[PDB]
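Asker: Quick one: experimental structure and sequence below.
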Amino acid sequence: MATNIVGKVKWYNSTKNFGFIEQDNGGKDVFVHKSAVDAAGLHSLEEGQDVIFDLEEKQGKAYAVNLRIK
């Protein structure tokens, strides 16, 4: 339940296509799932990238979806 969120790729390991995202302002640990990549077909991510996403919950957990690169 959050849209057009700010954050930066906290870390991302292409080997598993998993990682996390935090905004520089103190965003929480929201994990990025490849479905979010696939939502836009984001070509590459690595640490440093500003990313704009939406956030939906997984029961009580947070996963980033709808990625857009800065």
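Answerer: In hand now; what should we look at? Numbering: from 1, shown residues only.
Asker: From here on, just use CA atoms for contacts and neighbour counts.
Answerer: Noted.
Asker: Okay, the residue of the chain positioned farthest from its centre and residue 4: tell me how far apart.
Answerer: No residue in the chain sits farther from the centre than residue 59, which is 17.6 Å out by CA atoms, centre = their mean. In this view, residue 59 and residue 4 are 21 Å apart by CA to CA, to the nearest Å.
Asker: now residue 51
Answerer: 9 Å.
Asker: Settle it for me: which of those two has more neighbours?
Answerer: A side-by-side neighbour count of residue 51 and residue 4, using other CA atoms under 10 Å, places residue 51 first with 23 against 13.
Asker: was I right about the more buried one contacting residue 7?
Answerer: Yes - using CA atoms under 8 Å, residue 51 is in contact with residue 7, at 5.4 Å.
Asker: The longest strand anywhere in the chain: partners in the sheet, and parallel or antiparallel?
Answerer: Taking DSSP state E as the criterion, the chain has its longest strand at strand 2-13. Strand 2-13 sits in its sheet next to strand 18-22 (antiparallel), strand 50-58 (antiparallel), going by DSSP bridges.
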